[PDB]
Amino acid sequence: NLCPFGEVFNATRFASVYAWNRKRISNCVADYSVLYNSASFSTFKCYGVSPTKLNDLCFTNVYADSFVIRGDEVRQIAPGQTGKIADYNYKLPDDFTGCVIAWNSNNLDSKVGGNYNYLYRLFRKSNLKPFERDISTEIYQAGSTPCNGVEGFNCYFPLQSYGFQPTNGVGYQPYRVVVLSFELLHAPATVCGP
């Protein structure tokens, strides 16, 4: 049986990046040239793996993360990157082994009247650790005065709304992004190719 990549790539809903979704891929064969031979991806770069040599290789655990970010934030979805997304929403380890896939989704994630359901974490007291998913809503203290869990000046709700109006610039338009993680452990392989 073939790996259910369509469940995440062809999903109707995607998650906000702060609450990014994770789907583990196991006990199946995965044809990656099917994905590599699609012209419908703005970005698809791989790290620590050759995308061509991926159909003849096995891995212990394969994960598929999916979320929505701006076009100009797709650069942040890479090992060692810096910024609001990479540091506060979705961080990849330095030794990341996998592929980052993204495509424009302005047609689906920005309708007449915009779309303010996609959120991202604008503030955090410290950077995320890799593969951490912070969904807390503690009021962030931006200035000197303490907040005490109430919103006010310099005391912000940590999650901020993406604009995502239909006639935004290409870099402020929503992009759907799937990250494939190829973890290799001294353990049985659960995902291979032909």
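Note that residue numbering follows the sequence shown and begins at 1.
A summary of the deposited B-factors shows that, of 114-122 and 73-81, the stretch with the larger mean C-alpha value is 114-122. Annotation for 58-66 versus 24-32: the higher mean temperature factor (C-alpha) is found in 24-32. By the numbers in the PDB entry, the CA B factor is greatest at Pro51 among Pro158, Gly152, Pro51, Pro130.
Annotation for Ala39: C-alpha temperature factor in the highest third relative to the rest of the modelled chain, per the entry. Placement of the Cα temperature factor of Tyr18 within the chain: lowest third of the modelled residues, per the deposited record. Looking at the C-alpha B-factors along this chain, the one for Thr167 belongs to the highest third.
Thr137 sits in the middle third of its chain by CA B factor, as recorded in the PDB entry. Sorting the modelled residues of the chain by their CA temperature factor places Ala187 in the lowest third.
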